[PDB]
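In C-alpha cells, the next block holds one chain alone, the form deposited without this ligand.
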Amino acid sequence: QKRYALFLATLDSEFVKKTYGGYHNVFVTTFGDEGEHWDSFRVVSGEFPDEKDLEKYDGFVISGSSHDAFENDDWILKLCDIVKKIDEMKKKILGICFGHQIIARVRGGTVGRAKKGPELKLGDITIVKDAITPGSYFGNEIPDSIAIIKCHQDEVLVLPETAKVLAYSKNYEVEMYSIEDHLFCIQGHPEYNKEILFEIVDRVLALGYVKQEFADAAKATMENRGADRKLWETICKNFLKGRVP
C-alpha cells in the first residue's frame, strides 16, 4: 500500500475551495496516481502527523505558503523539527516554494526577501544539465529549460553546502536543487495553473500591493502559453515515488 503525506502550509483560498475543493485536491490531482493514500496536515494551523507515524509514509510534499520561511511562528519551528526528523530517516520530501525554503533552512541555508524582488508570472528556468543523469528522475531527453509559474517574495539567499543546483534563472540562482537522493526542491509552483495565478494577481492588485501595470504584465505572461505541466508531473512523480524511466 503506497502512502503520501502533504504538509499544507497554506489555508484554502476562496477561489481554490470553490473551484477545486481546496489545496488537498489540487496537490493530489497534480502528484497523485490511482490507488495511493494521501493524508494532508494543515501545518499552518498547527496540525501535524504523530512522529511515530512518519515511518508509514513513502514520501512527503511541503506546499507553498503566504508566510515566510524565515519566520519563527511556533508552527514553523515545529515544521522545521519534523522535517529534520524525516530527513534523518532519509524519506523523500518534495518542497515547493515555501517547502523549498524550509528544507534549505533546516539544512543550514538562509532564506530571505528576493534580491531582485517578487515574482508573479509564468517564467522559465534554465536546467543545469551537467547535474542530470539521462533516464533518471528527470529522464531521458533533458530540456534546456522548463516553463513554471512563479509566485514568491522570498528566495534561498545562501544555499546549504550539501545542495546541488539543478536550475537557475537570470534573477534567482536557485530555482531547483536536490540534497542526496531524498530531498528535491522547486521554487516555482507545478501545482498552480493560469486560473489560480490570475485570481492571486487580481486580489493583490485589489489590495493595492502591486500596480495595475505589474498585474497586467504578470497576466500577459500566460495569455498565449502555459507551464510545462505534464513535464512537471513526470519529474515530481519520478522523484517522489522512486520511479526511473
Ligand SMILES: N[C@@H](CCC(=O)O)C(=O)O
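Heads up: residue numbers just count along the shown sequence, starting at 1.
Higher mean CA B-factor, judged across 208-216 and 58-66 from the recorded values: 208-216.
Averaged over CA atoms, B-factors in the entry run higher in 139-147 than in the other of 121-129 and 139-147.
The PDB entry assigns the greatest CA B-factor among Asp39, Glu36, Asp202, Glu191 to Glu36. Of the candidates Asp154, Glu175, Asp87, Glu161, the PDB record gives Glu161 the highest C-alpha temperature factor. Placement of the Cα temperature factor of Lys92 within the chain: middle third of the modelled residues, per the deposited record.
Among the modelled residues of its chain, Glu223 has a C-alpha B-factor that falls in the middle third, as given in the PDB entry. The deposited CA B-factor of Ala114 belongs to the highest third of values across its chain. Annotation for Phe15: CA B-factor lies in the highest third of the chain's modelled residues. The PDB entry assigns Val244 a C-alpha temperature factor belonging to the highest third of its chain's modelled residues.
Below, we refer to the form deposited with this ligand bound, which is not included among the displayed structures.
With a 4.5 Å cutoff on heavy atoms, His67 counts as touching this ligand in the deposited complex.
Among heavy atoms of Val174, none comes within 4.5 Å of this ligand in the deposited complex. In the deposited complex, at least one heavy atom of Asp154 sits within 4.5 Å of this ligand. When contacts are judged by a 4.5 Å heavy atom cut-off, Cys97 counts as touching this ligand in the deposited complex.
Comparing 59-67, 208-216, 46-54, 31-39 against this ligand in the deposited complex, the single stretch with non-hydrogen atoms within 4.5 angstroms of it is 59-67.
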